[PDB]
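Reading the structure
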Amino acid sequence: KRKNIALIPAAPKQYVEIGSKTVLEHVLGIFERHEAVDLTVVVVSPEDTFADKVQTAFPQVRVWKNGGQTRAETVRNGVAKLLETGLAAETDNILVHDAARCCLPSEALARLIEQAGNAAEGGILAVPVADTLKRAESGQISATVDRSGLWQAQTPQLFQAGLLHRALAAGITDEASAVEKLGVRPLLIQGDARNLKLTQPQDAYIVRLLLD
Amino acid sequence: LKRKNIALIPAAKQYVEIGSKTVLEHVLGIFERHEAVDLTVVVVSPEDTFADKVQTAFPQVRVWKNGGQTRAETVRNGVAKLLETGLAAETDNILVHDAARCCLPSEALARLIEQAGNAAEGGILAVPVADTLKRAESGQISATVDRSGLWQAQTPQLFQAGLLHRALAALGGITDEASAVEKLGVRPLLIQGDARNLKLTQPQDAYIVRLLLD
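Residues numbered from 1 in each chain as written, not as in the entry; some residues may be left out. Chains lettered and ligands numbered in written order. Heavy atoms only, no water. Residues with missing side-chain atoms left out of burial classes, pairs and counts.

Structure determination for the deposited model, as stated in its record, used X-ray crystallography, and the stated resolution is 2.35 Å.

Okay, structure coming up:
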């Protein structure tokens, strides 16, 4: 009865060509082949050209053109529509995922759903900070900051639809940060080193190699 | 007579076969082929035996067997012995590198030598923290911590032999070499590292390491 719905804000090329497809197409395939995800939605801007062809290659994915002006606004429109549309109940789970984390391992997606799927507080994938951290002033170190109990967040970020809608309605960064402001403490679930984000050539070399 | 650049690798796993060489042999390979490095030393435990084999593949590398009971103690002994021996002068540079960071880009090494190699305060390779940071209480988020201006330290960490010997000799609640230098009131430079300069500590890493070398 309870569903798990993937939502991807994509309204900066997710249309870069690696292997035989785009980054986005590489992303949607990981969700489409996962048995535990019941539906995948992509929110693009009303002027996104390549979007129509993406829809054609993935007819069961809903490609919506109600992107806003910010990543925050485009996520807000996506969640609101799933609810108004009736496609998701207030108690179904929404997994918000970055369009550029196109190497997420299916086994880590399973962990996320298996461990935060039935928790009222939801959960995100994350990896413990393993290196010493430093604060910089103008190219110099002004201090060493304790890395005790610190984690770096990845995506997806899984939360009940009703809970997420409330939190995004109210200095926010990720979705968990808006959930934390309501008094809820989300779980931290082991992400993966392979789950990196495409935001620069160094990353790209590693992604391009992982996608082989 | 120019100021010298000496690599020091505390290695008392790094013997995980990859291709046709151990991780260690891969690491020695990066320094021995780099024009600006004048010497390379590896400090192992006296019990270590595979180290003898390493010595035969790298005749100019110095394999010392005065490892400590911890990484901090082995770095301390290597630096002391480099000075006591006369191989390093007080003002030569000591580049302290992890035995398991076998994918350090040659270009990254050059930048460190060029920028920190000529600054009395030394410097380290490091990358800015790009993802949102969270503090955990018992598997749950207890806070989001501000990442503005924050960096993750890598190796090598480059300091003058006399400044490094001084800083590691005696409070004690420190972590990397930079943090012992900072306690003296000195601020090391931060030089851009690289995403491939990762350390081999778990299977996820090994897959990426093996993949990056081919």
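Moving on from the coordinates now.
1. Here's the deal with the overall build of chain A
Heads up, the rule is: We count a stretch as a helix when DSSP gives it H or I for four or more residues in a row; a strand needs E for two or more, and each element gets its number in order from the N terminus. Two things to know: the radius of gyration comes from C-alpha atoms, and the globule rule equals 2.2 Å times the number of residues to the power 0.38.
Of the regular secondary structure elements, chain A holds seven helices and eleven strands. Against the compact-globule benchmark of 17 Å for 212 residues, chain A has a radius of gyration of 17 Å, which places it among compact chains. Taking the principal axes of the C-alpha coordinates as reference, chain A spans close to 50 × 40 × 35 Å.

2. Considering the overall build of chain B
Within chain B, the secondary structure is distributed over seven helices and nine strands. For 214 residues, the compact-globule formula gives about 17 Å, and the C-alpha radius of gyration of chain B, at 18 Å, lands near that figure.

3. Section: the interface of chain B and chain A
Accessible area lost during the coming together of the parts is what is often quoted as the interface size. Rules: Should any heavy atoms of two residues lie within 4.5 Å, those residues are considered in contact. Under the scheme applied, nonpolar residues are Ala, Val, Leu, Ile, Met, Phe, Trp, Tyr, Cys and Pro; charged residues are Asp, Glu, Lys and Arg; polar residues are all the others, including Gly. Two strands form a pair only when DSSP identifies at least two bridges running between them.
Of the residues lining the interface, 38 residues belong to chain B; the matching set on chain A comes to 41 residues. Elements supplying a minimum of two residues to the side of chain B that touches chain A: strand 6 (133-136), strand 7 (141-145), strand 8 (150-160), helix 6 (177-182), strand 9 (189-192) and helix 7 (203-213) of chain B. Here the side of chain B that touches chain A is built from residues that sort into 18 nonpolar, nine polar and eleven charged. For strand 10 (residues 150-160) of chain A and strand 6 of chain B, the ladder comprises three bridges, and the chain directions are antiparallel. When the sheet's bridge partners are listed, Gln 152 of chain A is paired in strand 6 of chain B with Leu 133 of chain B.

4. Observations regarding the nonpolar core
Worth spelling out the cut-off: The term nonpolar core refers to a set of buried residues drawn from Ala, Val, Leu, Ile, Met, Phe, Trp, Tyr and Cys, joined through side-chain atoms within 4.5 Å. With a 1.4 Å probe rolled over the protein chains alone, any residue whose accessible area is under 20% of its type maximum counts as buried; one over 50% counts as exposed, and the rest are partly exposed.
With 74 residues, the main nonpolar core has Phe 31 of chain A together with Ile 9, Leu 28, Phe 31, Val 42 and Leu 109 of chain B as its most contacted residues. Discounting chain neighbours no more than four positions away, the residues touching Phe 31 of chain B are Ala 7, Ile 9, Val 37, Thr 40, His 97, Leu 104, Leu 109 and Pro 156 of chain B. Counting residues in each nonpolar core, the second largest holds 28 residues, with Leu 39, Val 96, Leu 164 and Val 179 of chain A among its members.

5. Considerations on the packing of helix 3 (residues 71-85) of chain A against helix 5 (residues 161-169) of chain A
Residues and elements named next belong to chain A. Just so we agree on the cut-off: Between N-to-C directions, angles span 0 to 180 degrees; the directions come from axes that are lines fitted to C-alpha atoms, helices contributing only their stretch in contact. What sets the label is the angle itself: under 35 degrees gives roughly parallel, over 145 gives roughly antiparallel, 65 to 115 gives roughly perpendicular, and the rest give oblique. Put simply, a crossing is left-handed when the front helix is turned counterclockwise from the back one by less than a right angle, and right-handed when it is turned clockwise.
As a packed pair, helix 3 and helix 5 sit with axes 10 Å apart at the nearest point and diverge in direction by 140 degrees. Put simply, helix 3 runs oblique to helix 5. Of the two elements, helix 3 crosses helix 5, and the hand of that crossing is left-handed. Each of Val 75, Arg 76, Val 79, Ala 80 and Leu 83 in helix 3 lies in contact with helix 5, whose residues at this interface are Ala 161, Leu 164, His 165 and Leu 168. Class assignment for the residues of the contact of helix 3 with helix 5 results in seven nonpolar, one polar and one charged.

6. Re the pattern of salt bridges
Quick note on the threshold: Just to be clear on terms, a salt bridge is a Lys or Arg side-chain nitrogen sitting within 4 Å of an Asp or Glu carboxyl oxygen.
For the coordinates displayed, the defined rule picks out 20 salt bridges over all chains. Here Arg 101 of chain B ties to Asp 131 of chain A by a salt bridge, and the two come within 3.2 Å at their closest N and O atoms. Of this pair, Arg 101 of chain B sits in the loop between strand 4 (93-96) and helix 4 (106-116) while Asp 131 of chain A sits in the loop between strand 7 (123-128) and strand 8 (133-136), placing the two residues on different chains. When salt bridges with common partners are traced through the structure, they connect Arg 71, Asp 98, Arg 101 and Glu 175 of chain A together with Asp 131 of chain B into a single cluster.

7. With respect to the pairing of strand 1 (residues 5-10) of chain B
Residues and elements named next belong to chain B. Of all the six residues making up strand 1, six are buried; the element is thus mostly covered by neighbouring parts of the structure. Residues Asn 5, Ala 7 and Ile 9 of strand 1 are buried on one face, and the alternating residues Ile 6, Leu 8 and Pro 10, pointing to the opposite face, are buried as well. Direction of pairing for strand 1 relative to strand 4: parallel, over a ladder of four bridges. Bridge pairing in strand 4 links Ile 6 to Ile 94. For strand 1 and strand 2 (residues 39-43), the ladder comprises five bridges, and the chain directions are parallel. Among the inter-strand pairings, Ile 9 is bridged to a residue of strand 2, identified as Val 42.

8. Notes on the environment of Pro 156 of chain B
All names here are of chain B. With respect to the element layout, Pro 156 can be found in strand 8. Placed 99 residues apart in sequence, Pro 156 and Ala 57 show a C-alpha to C-alpha distance of 23 Å. Setting aside anything within four residues of it in sequence, one finds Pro 156 in contact with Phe 31, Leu 95, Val 96, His 97, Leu 104, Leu 109, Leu 112, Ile 124 and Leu 125.

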